[PDB]
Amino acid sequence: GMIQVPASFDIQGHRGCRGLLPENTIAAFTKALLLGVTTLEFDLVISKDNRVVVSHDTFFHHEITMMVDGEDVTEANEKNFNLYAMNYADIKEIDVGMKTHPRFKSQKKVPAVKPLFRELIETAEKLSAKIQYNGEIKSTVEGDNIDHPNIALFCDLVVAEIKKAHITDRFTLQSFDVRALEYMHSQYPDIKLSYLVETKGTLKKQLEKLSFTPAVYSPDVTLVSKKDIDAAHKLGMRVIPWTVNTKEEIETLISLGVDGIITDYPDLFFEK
């Protein structure tokens, strides 16, 4: 029958619902909202003109993008189509929904573009006053000035949109980039942080990479252990792994004590 979840469990739609609909699109977010997810999960980058765009990558990815300025998007050229070198007026013209995704073959093919963060917010807020957000700052050290701004500007542009919409208390800012977490923690301490982890390491050695204890510890599912969950809980952290796409894996994790799930298939939770 249904997946049983504890009280206050956080069902997160990964990129809204990538398994079902083109990732990180208003269609995906609307579907996840209507399904009843707790949280819309999504990724943020910056255009040339300093608008916050919802996108997993700072470039148009070949898995999702049919063509840019007439060119077939492949592994060979995808990094040429750099969002940080493009004004949003140009970004918004490029379809990211009709191409078949080799890894999500049942995804619905519909016309879609990369939306502004502001549209995502204004869509979600119209539909729900209780929806939560988990937004990823897609920064890396090597990308500064090339793929996205410096840390302060990247974070400040995102935070400006959060404050404008008055969604601070329903917002978690997630990142792999410890620099973005440190900046957020010292400049905007009222916004909950999630620390994304994908490397080998003890929990202690991962946590020593930050100067503070974040709200959420968010590791690759393969890294999760009951011991680390219990340790994280004793520090007052919630544990929300990613990206978990089968019922049985979700059930195993729930039994170990996780506080939420990031999934491409949030419909798993509403299947009776």
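Sequential numbering from 1, following the sequence displayed.
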property	result
42 to 50 or 63 to 71, whichever carries the higher mean Cα B-factor	63 to 71
Mean temperature factor over C-alpha atoms, higher-scoring stretch between 174 to 182 and 103 to 111	103 to 111
Top residue by Cα temperature factor, when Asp95, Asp90, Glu136, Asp147 are compared in the entry	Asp90
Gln187 CA temperature factor, ranked by third within the chain	middle
Within-chain third of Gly236 by Cα B-factor, per the entry	highest
Chain thirds of CA B-factor: placement of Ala32	lowest
Within-chain third of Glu23 by Cα B-factor, per the entry	lowest
Where the record places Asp228 (Cα B-factor, split into thirds across the chain)	middle
